[PDB]
Amino acid sequence: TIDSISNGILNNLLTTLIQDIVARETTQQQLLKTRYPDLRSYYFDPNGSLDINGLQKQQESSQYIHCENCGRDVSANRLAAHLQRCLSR
Amino acid sequence: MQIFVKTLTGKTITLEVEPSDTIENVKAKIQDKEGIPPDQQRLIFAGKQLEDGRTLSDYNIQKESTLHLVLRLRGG
Amino acid sequence: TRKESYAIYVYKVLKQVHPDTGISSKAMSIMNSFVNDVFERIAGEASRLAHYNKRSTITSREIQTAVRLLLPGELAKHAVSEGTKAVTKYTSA
Amino acid sequence: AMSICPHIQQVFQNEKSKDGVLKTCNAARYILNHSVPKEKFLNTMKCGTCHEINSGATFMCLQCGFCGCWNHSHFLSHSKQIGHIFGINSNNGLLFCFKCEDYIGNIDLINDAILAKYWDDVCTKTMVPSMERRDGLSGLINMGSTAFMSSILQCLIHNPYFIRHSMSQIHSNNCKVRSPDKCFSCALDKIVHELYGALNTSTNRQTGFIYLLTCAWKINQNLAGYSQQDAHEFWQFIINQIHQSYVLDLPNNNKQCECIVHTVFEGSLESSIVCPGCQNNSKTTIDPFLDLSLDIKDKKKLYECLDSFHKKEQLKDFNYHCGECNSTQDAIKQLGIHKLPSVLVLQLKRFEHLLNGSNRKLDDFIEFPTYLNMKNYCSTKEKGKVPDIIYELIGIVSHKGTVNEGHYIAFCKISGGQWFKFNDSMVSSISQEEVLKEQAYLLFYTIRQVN
Amino acid sequence: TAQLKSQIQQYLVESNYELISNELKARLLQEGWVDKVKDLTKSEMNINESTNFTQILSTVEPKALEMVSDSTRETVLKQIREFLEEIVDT
Ligand SMILES: [Zn+2]
Ligand SMILES: [Zn+2]
Ligand SMILES: [Zn+2]
Ligand SMILES: [Zn+2]
Ligand SMILES: [Zn+2]
Ligand SMILES: [Zn+2]
Ligand SMILES: [Zn+2]
């Protein structure tokens, strides 16, 4: 019947799309797991505190950067000021 | 020639200008209409901000073209 | 008893700017003086600004225009930027 | 201990059989990239047995010309009856082994089979991405007031057109200056290098960003990160500089620029001028655009803002005399889309100007959709209606603070559908629903479906 | 005979299939069903600690079929049916 053929058409469309999507998902995850045997998911923190490696925000100004210009090491959160004083040659 | 400017609210205003008119002059006209200083104005055309000292013709700006006006949102 | 001093924060900053570089006790002492002094100069002139503008409260706006009075152009400007920057940083976080 | 299909290993034990296979896969994929829809329906989605179209997935046989359906087990029947255990899914080109009952997705050679001829060399010179770098995820520390920059950069860092450009070595291959302390694109390629690969051979992965900052200082110190600035202005400035670098690397009547920006981001608005009496006309002006700026007052939804944007306006300060109705008139102006970009960038105008000369931030939440339909905004009808035109949200920049002072943050979506928040040095996992609850300032949309 | 069905389908192909497929895709995409199915897939992959396509599909397909909104279902069916009353005799 018309009703039946229409149901079959819709089923055809849905099963085609589903099989495509699922095949793509399974192939991608298979690839990721095979390439990277020790694979870990990026961390999700419900508390909104930890990064994708499950770490908190690092202490600045505890970190420093070595400015290749002039040969001076400069605390990173003060780097721009240095460049304003350094690039002004 | 007449050109247009689409303001923050979406309202469009009209200016009478020449191709050789400077961005400063246009901004002055905008100041004269809206009461906003030129230093607060950002004038956009074709994906570029229009720069003082240049002319409309430098940017191939023609009659009844529309410029888009915005402000600045500073974040550091 | 406790004699307070800015020797540690200043050291810190020295390390920020010259990590392989040390400061003598006396240099430090001097610095600490400069700090107390500028503290008074600022605080005082701010107090004056408050008083002068019939206002019961000192906000960083006061400290700003203060900076614009004490300091010459570029110094003032930079100091201002640095400040409202660290203010923003405190606000957001 | 995940296994690999032993049947393809078996075939691959013989070099010429392997070559036949890879040749056929390559040929098939070329066909898939070069066949019109109807031919595809009739010749790759038609079951060889029942002759139905789309009887579930249809599979094209690796060893013969037969196509077979899933629903009636007809490929399954080809496999049982002829002994051909490998078939290709006509929706994705992926190769199925009917003995394992699983797809082969984890063989690098198969995924990149077009390089099979040079595969040995490919394996000697290069390695797969490191786990840490594979998604290019790393934070960029605040080096002063750089939030307006990095927030912009992460959406660029996750843009497929840009990543395709950069990883293709186009600037590197063609740069006449070939120095990242002068060339913005070389520096960018270095960034990509630092984030996805490894420099030869803790402070990690900051070199490219520092080069970019140095270039920026050299062209405009004010926009170089010391002071707070506007992210949209930085966007237009940097894309213009990139465009300028494209023009620079050229060896050579062409009004439209042919650069990467103008083949991705450039569209055109149609502005019509029509007589309110005759309502026929019209005087049409075409304006290029690289992004759209929207008013938000008294609105709650992005579609409302676009509707307002697209809404007709009557000019009251334009001198206009109609020749068709022979009278002085107040003209009607309307903006619509003449041409859409591949990637659509939106700025919400989250500010207003007061009579006392001060400005105020608009913190109003504006709802924005995960998928955006542009059909109501296209100027030109076909022999009419305009078809569905849908974009996918891929990027968000948000601001916290006031008009004159604040902070930018970025949100980016990656594969599998997961969202991450990029806050300077901190990259974190975030749900879609919360991103969708954010106060959006900038939005990045990639073209997804065009009917 | 049942060659008739295949014949009719061939006609359907030569003529509109794109409009249906595209409208379906747009509807399922816009209402969030596609991403729900992605999340379901990641969840099932994580629960069964497996990327084997057959076993994952065996659990995914029925539920995914149930998840199709009634609105989209009846609208797309309605549309196909609209297209069918054109080219069959009763
Ligand atoms: Zn330096
Ligand atoms: Zn069949
Ligand atoms: Zn065969
Ligand atoms: Zn097998
Ligand atoms: Zn270069
Ligand atoms: Zn171009
Ligand atoms: Zn008229």
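Residue numbers (the authors' numbering), protein chains in the order written: chain b, 7 to 95; chain c, 1 to 76; chain H, 29 to 121; chain Z, 0 to 200, 209 to 259, 267 to 397, 404 to 471; chain a, 5 to 19, 21 to 95. C-beta atoms are modelled at their ideal positions from N, C-alpha and C, and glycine is treated no differently.
Excluding sequence positions up to five before and after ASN25 (chain c), its CB lies within less than 8 Å of the CB of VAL17, all in the same chain and listed in chain order.
Comparing alpha carbon positions, the residue from Z:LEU369, Z:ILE346, Z:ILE410 and Z:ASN91 closest to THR57 (chain Z) is Z:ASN91. DSSP, reduced to helix, strand and coil, places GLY415 (chain Z) within a strand of the structure shown. The beta carbon of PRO19 (chain c) sits closer than 6 Å to the beta carbons of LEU56 and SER57 from its chain, once the five residues preceding and following it are set aside; these are given in chain order. Along the length of the stretch 305-378 of chain Z, whole beta strand (DSSP E) runs at least 3 residues long occupy 306-308, 346-353, 357-362, 365-367 and 373-375, reported in chain order. Taking the Cα of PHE241 (chain Z) as reference, the smallest distance to any Cα among Z:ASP188, Z:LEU219, Z:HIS324 and Z:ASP111 is reached at Z:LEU219. For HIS106 (chain H), the enclosing alpha helix (DSSP H) starts and ends at 101-120. Per DSSP, the continuous beta strand (DSSP E) segment holding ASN387 (chain Z) begins and ends at 385-387. Fully enclosed alpha helix (DSSP H) runs of no fewer than 4 residues occupy 107-110 and 118-124 of the stretch 102-127 of chain Z, in order along the chain. Against chain Z, a Cβ distance below 7 Å from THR14 (chain c) picks out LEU329, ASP331 and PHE332. Proximity of chain Z to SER65 (chain c) at the Cβ level (cut-off 8 Å) is accounted for by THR299 and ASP301, in chain order.
Each residue's CA atom was taken as its position, placing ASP378 (chain Z) and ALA460 (chain Z) some 10 Å apart. Membership of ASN443 (chain Z) in the beta strand (DSSP E) is indicated by the continuous run 438-443.
For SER144 (chain Z), the chain H residues whose C-beta falls within less than 7 Å of its own C-beta are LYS113, listed in chain order. Rounded to whole angstroms, the separation of the alpha carbons of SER54 (chain Z) and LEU16 (chain b) is 11 Å.
Not one heavy atom of ligand 5 is found less than 7 Å from the C-beta of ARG46 (chain b). Pairing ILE30 (chain c) with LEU69 (chain c) gives a Cβ-Cβ distance under 8 Å.
Residue nearest to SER149 (chain Z) within the set Z:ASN172, Z:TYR465, Z:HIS419 and Z:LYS457 is Z:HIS419 (criterion: CA-CA distance). In the three-state reduction of the DSSP assignment, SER282 (chain Z) falls in the strand class, which pools E and B. Boundaries of the beta strand (DSSP E) harbouring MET59 (chain Z): 57-60, taken from the DSSP string.
Inter-residue distance for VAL28 (chain b) and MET50 (chain a) is about 11 Å (C-alpha atoms, whole angstroms). Within the DSSP bridge table, the entry for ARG42 (chain c) names c:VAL70 as partners. Taking 7 Å as the cut-off, the C-beta of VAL359 (chain Z) does not count as close to any heavy atom of ligand 6. Excluding the 5 residues flanking it on each side, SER55 (chain b) has same chain C-beta neighbours closer than 7 Å at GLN62, in chain order. Taking a 10 Å sphere around the C-beta of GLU453 (chain Z), we find fewer than 16 other C-beta atoms and assign the residue as exposed. Our two residues, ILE52 (chain a) and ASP44 (chain a), have alpha carbons roughly 12 Å apart in a direct line. Against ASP378 (chain Z), chain c offers no close residue; the least beta-carbon distance is about 14 Å (beta-carbon pairs closer than 7 Å).
Remark: the shortest separation between the CB of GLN459 (chain Z) and any heavy atom of ligand 3 does not fall under 7 Å.
Annotation for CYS66 (chain Z): the continuous beta strand (DSSP E) segment containing it runs 66-68. Residue range 85-88 is occupied by the beta strand (DSSP E) that includes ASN88 (chain Z).
Annotated as proximal: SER89 (chain Z) and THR43 (chain Z), with beta-carbon spacing under 8 Å.
Just so you know, the alpha carbons of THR80 (chain a) and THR95 (chain a) end up roughly 24 Å apart. Going by beta carbons, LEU61 (chain Z) and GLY86 (chain Z) fall inside the 8 Å limit.
A residue is listed when its beta-carbon falls short of 6 Å from at least one non-hydrogen atom of ligand 6; in chain order these are Z:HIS250, Z:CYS271, Z:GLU272, Z:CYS273, Z:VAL275 and Z:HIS276. Close to chain b, meaning a Cβ-Cβ distance shorter than 9 Å, are the following residues of the stretch 102-126 of chain Z: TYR102, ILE103, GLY104, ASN105, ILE106, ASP107 and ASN110. Neighbours of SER12 (chain b) in chain a, taken as residues whose beta carbon is under 7 Å from its own, are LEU82, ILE85, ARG86 and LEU89 in chain order.
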